[PDB]
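K.L.:
One structure, as structure tokens, below. Some questions next.
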Ligand code: HEC
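Shown next, in the form of structure tokens:
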């Protein structure tokens with residue numbers, strides 16, 4: 001996984017709803033470490049599955065992003081959650 005490529009994917013695909021690690025559509029479901037842990041989403045496998053397939057109003061990216069790009073953005077988010085958002 002390549003977090004730097006991940007940041008690029010995040011800017012292009014995720015910041016519309018998750019700028020600042022927030023969630024503009026479902027406010028408590030943020031990208032902060034504490035929230036990812038709380039909801040069982042603090043792992044690459046968990047983020048990949050949800051980004052790929054979607055969940056409620058979290059859009060699915062299967063076929064819109066390549067599998068490796070989904071992997072990269074999951075690594076970014078975990079890194080960011082660890083360093084800056086929490
Ligand atoms: C709005 C149009 C969104 C875009 C663009 C992306 N996400 Fe999202 N995300 C969105 C919602 C409404 C929710 C909550 C869904 C629910 O009902 O539970 C989510 C949730 C996530 C989560 C889970 C966060 C948590 O605290 O549990 C993750 C990890 C996540 N979203 C990641 C993510 C990525 C990497 C994105 C771009 C590729 C992305 N999301 C786009 C809404 C939207």
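Numbering (the entry's author numbering), first residue to last: 1 to 86. By construction, the Cβ of each residue, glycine as well, lies at the ideal position given by its N, Cα and C atoms.
1) Counting along the chain, where does the alpha helix (DSSP H) carrying residue 25 start and finish?
2) The ligand HEC and residue 16: does any heavy atom of the ligand fall closer than 7 angstroms to the residue's C-beta?
3) I need the DSSP call for residue 86, collapsed to helix, strand or coil.
4) If you scan the region 16-62 from start to end, which runs of the beta strand (DSSP E) of 3 or more residues do you find wholly inside it?
5) Quick check: residue 81 and residue 24, are their CB atoms within less than 8 angstroms of each other?
P.N.:
With the given structure in hand:
1) First-last for residue 25: undefined, no H or E at that position.
2) yes
3) coil
4) none
5) no
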